[PDB]
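A.B. asks: You'll find coords20.pdb just under this line, and it carries PDB, C-alpha atoms.
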```pdb
ATOM      1  CA  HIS A  66      75.467  38.179  13.819  1.00  0.00           C
ATOM      2  CA  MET A  67      78.709  37.858  16.008  1.00  0.00           C
ATOM      3  CA  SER A  68      81.128  34.905  15.926  1.00  0.00           C
ATOM      4  CA  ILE A  69      82.221  33.140  19.084  1.00  0.00           C
ATOM      5  CA  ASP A  70      85.661  34.793  18.925  1.00  0.00           C
ATOM      6  CA  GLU A  71      83.847  38.189  18.801  1.00  0.00           C
ATOM      7  CA  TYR A  72      81.492  37.374  21.714  1.00  0.00           C
ATOM      8  CA  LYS A  73      84.331  35.983  23.789  1.00  0.00           C
ATOM      9  CA  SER A  74      86.530  38.929  23.033  1.00  0.00           C
ATOM     10  CA  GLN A  75      83.829  41.402  24.155  1.00  0.00           C
ATOM     11  CA  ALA A  76      83.092  39.341  27.321  1.00  0.00           C
ATOM     12  CA  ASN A  77      86.862  39.176  28.197  1.00  0.00           C
ATOM     13  CA  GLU A  78      87.259  42.914  27.575  1.00  0.00           C
ATOM     14  CA  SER A  79      84.105  43.635  29.624  1.00  0.00           C
ATOM     15  CA  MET A  80      85.295  41.420  32.524  1.00  0.00           C
ATOM     16  CA  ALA A  81      88.701  43.166  32.573  1.00  0.00           C
ATOM     17  CA  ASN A  82      86.964  46.606  32.430  1.00  0.00           C
ATOM     18  CA  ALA A  83      84.604  45.702  35.343  1.00  0.00           C
ATOM     19  CA  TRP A  84      87.460  44.300  37.414  1.00  0.00           C
ATOM     20  CA  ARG A  85      89.662  47.336  36.705  1.00  0.00           C
ATOM     21  CA  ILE A  86      86.831  49.733  37.566  1.00  0.00           C
ATOM     22  CA  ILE A  87      85.499  47.967  40.662  1.00  0.00           C
ATOM     23  CA  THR A  88      89.057  48.078  42.225  1.00  0.00           C
ATOM     24  CA  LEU A  89      89.717  51.750  41.407  1.00  0.00           C
ATOM     25  CA  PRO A  90      90.490  54.023  44.403  1.00  0.00           C
ATOM     26  CA  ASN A  91      88.684  57.247  45.449  1.00  0.00           C
ATOM     27  CA  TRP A  92      84.899  56.769  45.367  1.00  0.00           C
ATOM     28  CA  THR A  93      82.291  59.297  46.585  1.00  0.00           C
ATOM     29  CA  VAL A  94      79.599  58.162  49.056  1.00  0.00           C
ATOM     30  CA  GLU A  95      76.115  58.499  47.518  1.00  0.00           C
ATOM     31  CA  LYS A  96      74.014  56.711  50.187  1.00  0.00           C
ATOM     32  CA  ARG A  97      74.491  54.498  53.222  1.00  0.00           C
ATOM     33  CA  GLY A  98      72.318  51.484  54.096  1.00  0.00           C
ATOM     34  CA  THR A  99      70.593  50.481  57.399  1.00  0.00           C
ATOM     35  CA  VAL A 100      73.276  47.944  58.217  1.00  0.00           C
ATOM     36  CA  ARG A 101      76.737  49.211  59.239  1.00  0.00           C
ATOM     37  CA  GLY A 102      79.167  49.298  56.300  1.00  0.00           C
ATOM     38  CA  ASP A 103      76.484  48.998  53.519  1.00  0.00           C
ATOM     39  CA  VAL A 104      77.203  51.786  51.075  1.00  0.00           C
ATOM     40  CA  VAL A 105      76.595  53.015  47.537  1.00  0.00           C
ATOM     41  CA  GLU A 106      79.496  54.978  46.105  1.00  0.00           C
ATOM     42  CA  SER A 107      80.105  56.614  42.685  1.00  0.00           C
ATOM     43  CA  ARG A 108      82.842  57.922  40.512  1.00  0.00           C
ATOM     44  CA  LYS A 109      83.719  59.265  37.039  1.00  0.00           C
ATOM     45  CA  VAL A 110      85.450  56.774  34.760  1.00  0.00           C
ATOM     46  CA  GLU A 111      86.846  57.763  31.366  1.00  0.00           C
ATOM     47  CA  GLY A 112      84.910  56.144  28.513  1.00  0.00           C
ATOM     48  CA  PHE A 113      81.995  55.124  30.800  1.00  0.00           C
ATOM     49  CA  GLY A 114      80.833  58.273  32.729  1.00  0.00           C
ATOM     50  CA  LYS A 115      79.429  57.948  36.249  1.00  0.00           C
ATOM     51  CA  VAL A 116      79.593  54.383  37.705  1.00  0.00           C
ATOM     52  CA  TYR A 117      77.923  53.133  40.917  1.00  0.00           C
ATOM     53  CA  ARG A 118      79.248  50.513  43.308  1.00  0.00           C
ATOM     54  CA  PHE A 119      77.478  48.767  46.198  1.00  0.00           C
ATOM     55  CA  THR A 120      79.598  47.220  49.023  1.00  0.00           C
ATOM     56  CA  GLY A 121      78.157  45.151  51.896  1.00  0.00           C
ATOM     57  CA  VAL A 122      78.681  41.958  53.853  1.00  0.00           C
ATOM     58  CA  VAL A 123      76.557  38.886  53.262  1.00  0.00           C
ATOM     59  CA  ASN A 124      76.483  36.200  55.934  1.00  0.00           C
ATOM     60  CA  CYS A 125      77.190  33.165  53.725  1.00  0.00           C
ATOM     61  CA  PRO A 126      80.331  31.652  52.042  1.00  0.00           C
ATOM     62  CA  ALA A 127      81.459  33.471  48.793  1.00  0.00           C
ATOM     63  CA  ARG A 128      81.282  30.070  46.964  1.00  0.00           C
ATOM     64  CA  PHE A 129      77.541  29.519  47.818  1.00  0.00           C
ATOM     65  CA  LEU A 130      76.579  32.945  46.356  1.00  0.00           C
ATOM     66  CA  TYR A 131      78.919  32.434  43.352  1.00  0.00           C
ATOM     67  CA  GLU A 132      77.333  29.028  42.452  1.00  0.00           C
ATOM     68  CA  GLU A 133      73.740  30.324  42.853  1.00  0.00           C
ATOM     69  CA  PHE A 134      74.257  33.428  40.770  1.00  0.00           C
ATOM     70  CA  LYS A 135      76.347  31.515  38.152  1.00  0.00           C
ATOM     71  CA  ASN A 136      74.396  28.192  37.806  1.00  0.00           C
ATOM     72  CA  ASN A 137      70.894  29.393  38.781  1.00  0.00           C
ATOM     73  CA  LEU A 138      70.477  32.474  36.644  1.00  0.00           C
ATOM     74  CA  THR A 139      67.034  31.383  35.333  1.00  0.00           C
ATOM     75  CA  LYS A 140      65.799  31.135  38.961  1.00  0.00           C
ATOM     76  CA  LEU A 141      66.642  34.831  39.774  1.00  0.00           C
ATOM     77  CA  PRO A 142      62.875  35.783  39.510  1.00  0.00           C
ATOM     78  CA  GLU A 143      62.106  33.175  42.291  1.00  0.00           C
ATOM     79  CA  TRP A 144      63.780  35.192  45.117  1.00  0.00           C
ATOM     80  CA  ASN A 145      64.406  38.591  43.433  1.00  0.00           C
ATOM     81  CA  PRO A 146      61.035  40.411  42.713  1.00  0.00           C
ATOM     82  CA  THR A 147      62.909  42.987  40.485  1.00  0.00           C
ATOM     83  CA  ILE A 148      63.649  40.334  37.769  1.00  0.00           C
ATOM     84  CA  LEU A 149      60.524  39.453  35.899  1.00  0.00           C
ATOM     85  CA  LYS A 150      62.193  37.035  33.487  1.00  0.00           C
ATOM     86  CA  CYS A 151      65.601  35.442  32.883  1.00  0.00           C
ATOM     87  CA  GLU A 152      66.444  33.238  29.875  1.00  0.00           C
ATOM     88  CA  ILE A 153      69.850  31.898  28.764  1.00  0.00           C
ATOM     89  CA  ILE A 154      70.197  32.476  24.993  1.00  0.00           C
ATOM     90  CA  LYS A 155      73.515  30.540  24.535  1.00  0.00           C
ATOM     91  CA  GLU A 156      76.458  29.283  26.606  1.00  0.00           C
ATOM     92  CA  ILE A 157      79.655  29.659  24.552  1.00  0.00           C
ATOM     93  CA  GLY A 158      82.383  28.269  26.911  1.00  0.00           C
ATOM     94  CA  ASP A 159      85.113  29.711  29.193  1.00  0.00           C
ATOM     95  CA  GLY A 160      82.375  30.904  31.599  1.00  0.00           C
ATOM     96  CA  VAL A 161      80.805  33.141  28.827  1.00  0.00           C
ATOM     97  CA  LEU A 162      77.106  33.225  28.114  1.00  0.00           C
ATOM     98  CA  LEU A 163      74.338  35.314  26.582  1.00  0.00           C
ATOM     99  CA  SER A 164      71.182  36.066  28.587  1.00  0.00           C
ATOM    100  CA  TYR A 165      67.836  37.841  28.187  1.00  0.00           C
ATOM    101  CA  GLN A 166      66.159  39.548  31.183  1.00  0.00           C
ATOM    102  CA  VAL A 167      63.137  41.791  31.952  1.00  0.00           C
ATOM    103  CA  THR A 168      63.597  44.024  35.005  1.00  0.00           C
ATOM    104  CA  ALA A 169      60.885  45.788  37.035  1.00  0.00           C
ATOM    105  CA  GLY A 170      60.824  49.520  37.530  1.00  0.00           C
ATOM    106  CA  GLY A 171      62.605  51.171  40.487  1.00  0.00           C
ATOM    107  CA  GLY A 172      60.641  51.973  43.681  1.00  0.00           C
ATOM    108  CA  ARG A 173      60.890  55.767  42.970  1.00  0.00           C
ATOM    109  CA  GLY A 174      59.280  55.326  39.494  1.00  0.00           C
ATOM    110  CA  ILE A 175      62.393  57.011  37.964  1.00  0.00           C
ATOM    111  CA  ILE A 176      63.753  53.768  36.412  1.00  0.00           C
ATOM    112  CA  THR A 177      60.989  52.210  34.326  1.00  0.00           C
ATOM    113  CA  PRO A 178      60.764  48.437  33.522  1.00  0.00           C
ATOM    114  CA  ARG A 179      63.232  47.502  30.823  1.00  0.00           C
ATOM    115  CA  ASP A 180      64.678  44.511  29.119  1.00  0.00           C
ATOM    116  CA  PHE A 181      68.281  43.573  28.520  1.00  0.00           C
ATOM    117  CA  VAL A 182      70.421  41.395  26.240  1.00  0.00           C
ATOM    118  CA  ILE A 183      73.546  40.681  28.308  1.00  0.00           C
ATOM    119  CA  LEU A 184      76.890  39.067  27.517  1.00  0.00           C
ATOM    120  CA  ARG A 185      78.387  37.614  30.688  1.00  0.00           C
ATOM    121  CA  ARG A 186      81.635  36.100  31.829  1.00  0.00           C
ATOM    122  CA  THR A 187      81.946  34.356  35.194  1.00  0.00           C
ATOM    123  CA  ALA A 188      85.476  33.539  36.522  1.00  0.00           C
ATOM    124  CA  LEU A 189      87.696  32.916  39.487  1.00  0.00           C
ATOM    125  CA  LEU A 190      90.198  35.754  39.875  1.00  0.00           C
ATOM    126  CA  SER A 191      93.551  36.316  41.631  1.00  0.00           C
ATOM    127  CA  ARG A 192      94.245  39.564  43.520  1.00  0.00           C
ATOM    128  CA  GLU A 193      95.885  41.108  40.443  1.00  0.00           C
ATOM    129  CA  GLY A 194      92.776  40.166  38.363  1.00  0.00           C
ATOM    130  CA  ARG A 195      94.152  37.059  36.556  1.00  0.00           C
ATOM    131  CA  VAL A 196      91.855  34.080  35.850  1.00  0.00           C
ATOM    132  CA  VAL A 197      92.784  31.161  38.182  1.00  0.00           C
ATOM    133  CA  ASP A 198      91.465  27.538  38.424  1.00  0.00           C
ATOM    134  CA  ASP A 199      91.256  27.372  42.250  1.00  0.00           C
ATOM    135  CA  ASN A 200      92.137  29.262  45.476  1.00  0.00           C
ATOM    136  CA  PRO A 201      90.394  32.522  44.248  1.00  0.00           C
ATOM    137  CA  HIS A 202      91.054  35.931  45.766  1.00  0.00           C
ATOM    138  CA  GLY A 203      87.561  36.774  44.358  1.00  0.00           C
ATOM    139  CA  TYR A 204      84.697  35.573  42.173  1.00  0.00           C
ATOM    140  CA  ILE A 205      83.433  37.776  39.299  1.00  0.00           C
ATOM    141  CA  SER A 206      80.418  37.849  36.961  1.00  0.00           C
ATOM    142  CA  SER A 207      80.562  40.685  34.425  1.00  0.00           C
ATOM    143  CA  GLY A 208      77.779  41.911  32.150  1.00  0.00           C
ATOM    144  CA  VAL A 209      77.734  44.125  29.084  1.00  0.00           C
ATOM    145  CA  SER A 210      74.693  44.829  26.804  1.00  0.00           C
ATOM    146  CA  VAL A 211      75.010  43.455  23.181  1.00  0.00           C
ATOM    147  CA  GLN A 212      72.743  42.897  20.153  1.00  0.00           C
ATOM    148  CA  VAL A 213      71.641  39.323  19.359  1.00  0.00           C
ATOM    149  CA  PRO A 214      69.565  38.660  16.152  1.00  0.00           C
ATOM    150  CA  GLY A 215      66.186  37.289  17.335  1.00  0.00           C
ATOM    151  CA  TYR A 216      66.118  39.646  20.412  1.00  0.00           C
ATOM    152  CA  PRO A 217      65.228  43.039  18.830  1.00  0.00           C
ATOM    153  CA  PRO A 218      63.942  45.976  21.005  1.00  0.00           C
ATOM    154  CA  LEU A 219      60.229  45.592  21.801  1.00  0.00           C
ATOM    155  CA  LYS A 220      57.914  48.536  20.970  1.00  0.00           C
ATOM    156  CA  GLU A 221      56.285  47.863  24.414  1.00  0.00           C
ATOM    157  CA  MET A 222      59.524  48.000  26.552  1.00  0.00           C
ATOM    158  CA  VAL A 223      62.657  50.170  26.802  1.00  0.00           C
ATOM    159  CA  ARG A 224      65.776  48.179  25.782  1.00  0.00           C
ATOM    160  CA  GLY A 225      68.201  48.971  28.566  1.00  0.00           C
ATOM    161  CA  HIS A 226      71.940  49.420  27.944  1.00  0.00           C
ATOM    162  CA  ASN A 227      74.502  47.950  30.448  1.00  0.00           C
ATOM    163  CA  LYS A 228      77.808  49.667  29.531  1.00  0.00           C
ATOM    164  CA  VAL A 229      79.708  47.666  32.214  1.00  0.00           C
ATOM    165  CA  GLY A 230      78.713  45.875  35.378  1.00  0.00           C
ATOM    166  CA  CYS A 231      79.553  42.970  37.601  1.00  0.00           C
ATOM    167  CA  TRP A 232      79.006  41.351  40.875  1.00  0.00           C
ATOM    168  CA  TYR A 233      82.215  40.529  42.703  1.00  0.00           C
ATOM    169  CA  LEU A 234      82.506  38.276  45.829  1.00  0.00           C
ATOM    170  CA  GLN A 235      85.524  38.064  48.174  1.00  0.00           C
ATOM    171  CA  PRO A 236      85.534  35.241  50.819  1.00  0.00           C
ATOM    172  CA  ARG A 237      85.891  36.318  54.451  1.00  0.00           C
ATOM    173  CA  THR A 238      86.113  34.229  57.607  1.00  0.00           C
ATOM    174  CA  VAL A 239      84.959  36.005  60.761  1.00  0.00           C
ATOM    175  CA  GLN A 240      84.628  35.461  64.465  1.00  0.00           C
ATOM    176  CA  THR A 241      80.981  35.934  65.584  1.00  0.00           C
ATOM    177  CA  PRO A 242      80.064  37.549  68.957  1.00  0.00           C
ATOM    178  CA  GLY A 243      79.376  33.944  70.176  1.00  0.00           C
ATOM    179  CA  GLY A 244      83.040  33.041  69.275  1.00  0.00           C
ATOM    180  CA  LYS A 245      82.074  30.845  66.262  1.00  0.00           C
ATOM    181  CA  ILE A 246      84.353  30.910  63.238  1.00  0.00           C
ATOM    182  CA  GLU A 247      82.085  31.405  60.193  1.00  0.00           C
ATOM    183  CA  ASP A 248      82.522  32.147  56.464  1.00  0.00           C
ATOM    184  CA  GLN A 249      81.061  35.449  55.127  1.00  0.00           C
ATOM    185  CA  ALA A 250      81.200  37.168  51.750  1.00  0.00           C
ATOM    186  CA  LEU A 251      82.162  40.768  50.902  1.00  0.00           C
ATOM    187  CA  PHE A 252      79.649  41.552  48.112  1.00  0.00           C
ATOM    188  CA  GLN A 253      80.295  44.261  45.522  1.00  0.00           C
ATOM    189  CA  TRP A 254      78.138  45.198  42.552  1.00  0.00           C
ATOM    190  CA  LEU A 255      79.121  47.598  39.805  1.00  0.00           C
ATOM    191  CA  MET A 256      76.428  49.408  37.779  1.00  0.00           C
ATOM    192  CA  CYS A 257      76.837  51.705  34.747  1.00  0.00           C
ATOM    193  CA  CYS A 258      73.583  52.021  32.791  1.00  0.00           C
ATOM    194  CA  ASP A 259      73.222  54.205  29.711  1.00  0.00           C
ATOM    195  CA  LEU A 260      69.844  55.797  30.663  1.00  0.00           C
ATOM    196  CA  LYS A 261      67.976  57.478  27.568  1.00  0.00           C
ATOM    197  CA  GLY A 262      66.484  60.465  30.291  1.00  0.00           C
ATOM    198  CA  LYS A 263      67.426  64.056  30.608  1.00  0.00           C
ATOM    199  CA  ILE A 264      66.920  63.383  34.340  1.00  0.00           C
ATOM    200  CA  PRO A 265      69.179  65.384  36.755  1.00  0.00           C
ATOM    201  CA  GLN A 266      72.229  63.343  37.801  1.00  0.00           C
ATOM    202  CA  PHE A 267      70.864  64.571  41.216  1.00  0.00           C
ATOM    203  CA  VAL A 268      67.794  62.256  40.835  1.00  0.00           C
ATOM    204  CA  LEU A 269      69.554  59.403  38.831  1.00  0.00           C
ATOM    205  CA  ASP A 270      71.993  59.087  41.771  1.00  0.00           C
ATOM    206  CA  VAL A 271      69.206  58.668  44.362  1.00  0.00           C
ATOM    207  CA  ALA A 272      67.231  56.275  42.079  1.00  0.00           C
ATOM    208  CA  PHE A 273      70.357  54.189  41.362  1.00  0.00           C
ATOM    209  CA  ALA A 274      71.405  54.064  45.028  1.00  0.00           C
ATOM    210  CA  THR A 275      67.856  53.030  46.048  1.00  0.00           C
ATOM    211  CA  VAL A 276      67.757  50.150  43.525  1.00  0.00           C
ATOM    212  CA  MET A 277      71.131  48.950  44.855  1.00  0.00           C
ATOM    213  CA  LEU A 278      70.035  49.074  48.519  1.00  0.00           C
ATOM    214  CA  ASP A 279      66.672  47.492  47.575  1.00  0.00           C
ATOM    215  CA  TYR A 280      68.464  44.506  45.933  1.00  0.00           C
ATOM    216  CA  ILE A 281      70.675  43.659  48.967  1.00  0.00           C
ATOM    217  CA  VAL A 282      67.495  43.136  51.062  1.00  0.00           C
ATOM    218  CA  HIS A 283      66.442  40.340  48.701  1.00  0.00           C
ATOM    219  CA  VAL A 284      69.960  38.809  48.674  1.00  0.00           C
ATOM    220  CA  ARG A 285      69.946  38.682  52.465  1.00  0.00           C
ATOM    221  CA  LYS A 286      66.421  37.155  52.620  1.00  0.00           C
ATOM    222  CA  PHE A 287      67.600  34.481  50.131  1.00  0.00           C
ATOM    223  CA  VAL A 288      70.636  33.757  52.365  1.00  0.00           C
ATOM    224  CA  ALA A 289      68.541  33.695  55.612  1.00  0.00           C
ATOM    225  CA  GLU A 290      65.930  31.342  54.019  1.00  0.00           C
ATOM    226  CA  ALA A 291      68.826  29.113  52.832  1.00  0.00           C
ATOM    227  CA  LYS A 292      70.235  28.990  56.421  1.00  0.00           C
ATOM    228  CA  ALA A 293      66.688  28.293  57.900  1.00  0.00           C
ATOM    229  CA  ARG A 294      66.418  25.269  55.443  1.00  0.00           C
ATOM    230  CA  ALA A 295      69.975  24.063  56.576  1.00  0.00           C
ATOM    231  CA  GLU A 296      71.431  24.519  53.022  1.00  0.00           C
ATOM    232  CA  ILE A 297      74.283  26.641  54.597  1.00  0.00           C
TER
END
```
Write out the structure in this file as structure tokens.

C.D. replies:
Amino acid sequence: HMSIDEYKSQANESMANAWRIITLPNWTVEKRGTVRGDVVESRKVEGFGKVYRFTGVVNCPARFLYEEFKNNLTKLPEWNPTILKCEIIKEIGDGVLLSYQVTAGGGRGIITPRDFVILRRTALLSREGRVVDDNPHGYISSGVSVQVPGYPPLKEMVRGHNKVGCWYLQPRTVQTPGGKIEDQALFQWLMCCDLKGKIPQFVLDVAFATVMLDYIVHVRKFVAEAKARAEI
């Protein structure tokens, strides 16, 4: 039964944790994607255990992806087949909200369908991770699992635990092979899921990398559709 100070405090702490972790040095390569520079990396973080990070380029402005992810969270099932449901429980100000989601199982059948109760904070950040009003170095949306009365674990579904995650977007402007000057986004996603298995870290690591690579396909299709329809 948390107060709004307590929710905001946890969201702020979670956002700072995800920003701190996503910008750590010295990651290990788990798996590379099809497209040059797409990668899933891991490392050990004290307090959290093994964290995964995706890094790839998305051919749209960082703002466009920020606004979609931030404002259009309930529409995630519409272009992402892995999200079966997305409901906003409560928006509590300063970019903080509570959400409910049901995720599909991984393509390996290692990660089963599960549901989530997530506390989020979306913000514009500076390069040293301070919240700014404009001219962002990067855009963040952090997630941590919490308990909300009215959203108990279902007997029919595993209640997943997000210990820390985020997606993080950094604007780029590139020169195409044609010589056009075009905005692109460096896209990073942090994942650190408290899985109830005794599954080898061996197999967890492949299953997690696969999920991460599988997601970026759907992000790119969403972007390419959006460019076909002249929206960017």

A.B. asks: Where does the PyMOL selection byres ((chain A and resi 228) around 9) land in this file, that is, which residues does it pick, as a PDB file with C-alpha atoms, in the coordinates of the input?

C.D. replies:
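Result written to out-v7.pdb:
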```pdb
ATOM      1  CA  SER A  79      84.105  43.635  29.624  1.00  0.00           C
ATOM      2  CA  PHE A 113      81.995  55.124  30.800  1.00  0.00           C
ATOM      3  CA  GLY A 208      77.779  41.911  32.150  1.00  0.00           C
ATOM      4  CA  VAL A 209      77.734  44.125  29.084  1.00  0.00           C
ATOM      5  CA  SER A 210      74.693  44.829  26.804  1.00  0.00           C
ATOM      6  CA  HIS A 226      71.940  49.420  27.944  1.00  0.00           C
ATOM      7  CA  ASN A 227      74.502  47.950  30.448  1.00  0.00           C
ATOM      8  CA  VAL A 229      79.708  47.666  32.214  1.00  0.00           C
ATOM      9  CA  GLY A 230      78.713  45.875  35.378  1.00  0.00           C
ATOM     10  CA  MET A 256      76.428  49.408  37.779  1.00  0.00           C
ATOM     11  CA  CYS A 257      76.837  51.705  34.747  1.00  0.00           C
ATOM     12  CA  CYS A 258      73.583  52.021  32.791  1.00  0.00           C
ATOM     13  CA  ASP A 259      73.222  54.205  29.711  1.00  0.00           C
TER      14      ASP A 259
END
```

A.B. asks: Distance atom CA of residue A:121-atom CA of residue A:168, one decimal place?

C.D. replies: 22.3 Å

A.B. asks: Closest to residue A:123 among A:276, A:190, A:250, A:183, using all atoms listed in the file?

C.D. replies: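 Using all atoms listed in the file, the shortest distance to residue A:123 belongs to A:250.
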
A.B. asks: Would you translate the PyMOL selection byres ((chain A and resi 254) around 6) into the concrete set of residues it matches in this file, as a ChimeraX atom specification?

C.D. replies: /A:118-119,231-232,253,255

A.B. asks: Go ahead and dump the residues you just picked, C-alpha atoms, as a compact mmCIF listing (two decimals), keeping the file's coordinate frame.

C.D. replies:
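Final file, again.txt:
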```txt
# COMPACT_ATOMS: atom_id res chain seq x y z
CA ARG A 118 79.25 50.51 43.31
CA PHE A 119 77.48 48.77 46.20
CA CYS A 231 79.55 42.97 37.60
CA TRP A 232 79.01 41.35 40.88
CA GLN A 253 80.30 44.26 45.52
CA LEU A 255 79.12 47.60 39.80
```

A.B. asks: Can you tell me, as a ChimeraX atom specification, what residues are no more than 10 Å from residue A:216 when counting all atoms listed in the file, ignoring any on the same chain fewer than 2 positions away?

C.D. replies: /A:154,165,181-182,212-214,218-219

A.B. asks: With C-alpha atoms kept, could you save the residues just selected as a tab-separated table (two decimals), in the coordinates of the input?

C.D. replies:
```
chain	number	residue	atom	x	y	z
A	154	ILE	CA	70.20	32.48	24.99
A	165	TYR	CA	67.84	37.84	28.19
A	181	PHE	CA	68.28	43.57	28.52
A	182	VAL	CA	70.42	41.40	26.24
A	212	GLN	CA	72.74	42.90	20.15
A	213	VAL	CA	71.64	39.32	19.36
A	214	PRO	CA	69.56	38.66	16.15
A	218	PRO	CA	63.94	45.98	21.00
A	219	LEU	CA	60.23	45.59	21.80
```

A.B. asks: Let me make sure I understand: among A:145, A:177, A:88, A:99, which one has the smallest atom-to-atom distance to residue A:260 if we use only C-alpha atoms?

C.D. replies: A:177

A.B. asks: Here is a test: counting all atoms listed in the file, which residue of A:251, A:130, A:151, A:169 is nearest to residue A:284?

C.D. replies: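 With all atoms listed in the file as the atom set, the closest residue is A:130.
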
A.B. asks: Atom CA of residue A:163 and atom CA of residue A:269 are how many Å apart?

C.D. replies: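 It comes out at 27.4 Å.
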
A.B. asks: Assuming 4 Å of padding per side, give the centre and edge lengths of the axis-aligned box around every listed atom of stretch 82-93 of chain A, in Å to one decimal and as lines of an AutoDock Vina configuration file.

C.D. replies:
```
center_x = 86.4
center_y = 51.8
center_z = 39.5
size_x = 16.2
size_y = 23.0
size_z = 22.2
```

A.B. asks: I need the output of the PyMOL selection byres ((chain A and resi 69) around 12) for this file as a PyMOL selection string; which residues are they?

C.D. replies: chain A and resi 66-68+70-77+155-159+161-163+184

A.B. asks: Using all atoms listed in the file, which of the listed residues (A:248, A:132, A:95, A:296) sits closest to residue A:267?

C.D. replies: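 Once distances to residue A:267 are computed over all atoms listed in the file, the minimum belongs to A:95.
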
A.B. asks: How far is it from atom CA of residue A:246 to atom CA of residue A:124, in Å with one decimal?

C.D. replies: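 Going from atom CA of residue A:246 over to atom CA of residue A:124 covers 12.0 Å.
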
A.B. asks: Kindly reconstruct stretch 163-180 of chain A with N, CA and C atoms and present the result as a CSV table (one decimal), in the coordinates of the input.

C.D. replies:
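What ended up in result_1.csv:
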```csv
chain,number,residue,atom,x,y,z
A,163,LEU,N,75.3,34.3,26.9
A,163,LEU,CA,74.3,35.3,26.6
A,163,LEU,C,73.0,35.1,27.3
A,164,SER,N,72.4,36.1,27.8
A,164,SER,CA,71.2,36.1,28.6
A,164,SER,C,70.2,37.2,28.2
A,165,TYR,N,68.9,36.9,28.4
A,165,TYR,CA,67.8,37.8,28.2
A,165,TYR,C,67.1,38.0,29.5
A,166,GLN,N,66.9,39.3,30.0
A,166,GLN,CA,66.2,39.5,31.2
A,166,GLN,C,65.2,40.7,31.0
A,167,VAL,N,64.1,40.7,31.8
A,167,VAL,CA,63.1,41.8,32.0
A,167,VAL,C,63.1,42.2,33.4
A,168,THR,N,63.5,43.5,33.7
A,168,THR,CA,63.6,44.0,35.0
A,168,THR,C,62.4,44.9,35.3
A,169,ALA,N,62.0,45.0,36.5
A,169,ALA,CA,60.9,45.8,37.0
A,169,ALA,C,61.4,47.2,37.2
A,170,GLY,N,60.5,48.1,37.3
A,170,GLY,CA,60.8,49.5,37.5
A,170,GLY,C,61.4,49.7,39.0
A,171,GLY,N,62.2,50.7,39.2
A,171,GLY,CA,62.6,51.2,40.5
A,171,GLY,C,61.4,51.7,41.3
A,172,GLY,N,61.6,51.6,42.7
A,172,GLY,CA,60.6,52.0,43.7
A,172,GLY,C,60.3,53.5,43.7
A,173,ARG,N,61.2,54.3,43.1
A,173,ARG,CA,60.9,55.8,43.0
A,173,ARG,C,60.0,56.0,41.8
A,174,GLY,N,59.8,55.1,40.8
A,174,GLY,CA,59.3,55.3,39.5
A,174,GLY,C,60.2,56.2,38.6
A,175,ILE,N,61.5,56.3,38.8
A,175,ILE,CA,62.4,57.0,38.0
A,175,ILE,C,62.8,56.0,36.9
A,176,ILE,N,63.3,54.8,37.3
A,176,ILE,CA,63.8,53.8,36.4
A,176,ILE,C,62.5,52.9,36.1
A,177,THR,N,62.2,52.9,34.8
A,177,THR,CA,61.0,52.2,34.3
A,177,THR,C,61.4,50.7,34.1
A,178,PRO,N,60.4,49.8,33.9
A,178,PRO,CA,60.8,48.4,33.5
A,178,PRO,C,61.5,48.5,32.2
A,179,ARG,N,62.5,47.6,32.1
A,179,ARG,CA,63.2,47.5,30.8
A,179,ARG,C,63.7,46.1,30.6
A,180,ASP,N,64.1,45.8,29.4
A,180,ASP,CA,64.7,44.5,29.1
A,180,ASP,C,66.1,44.7,28.7
```
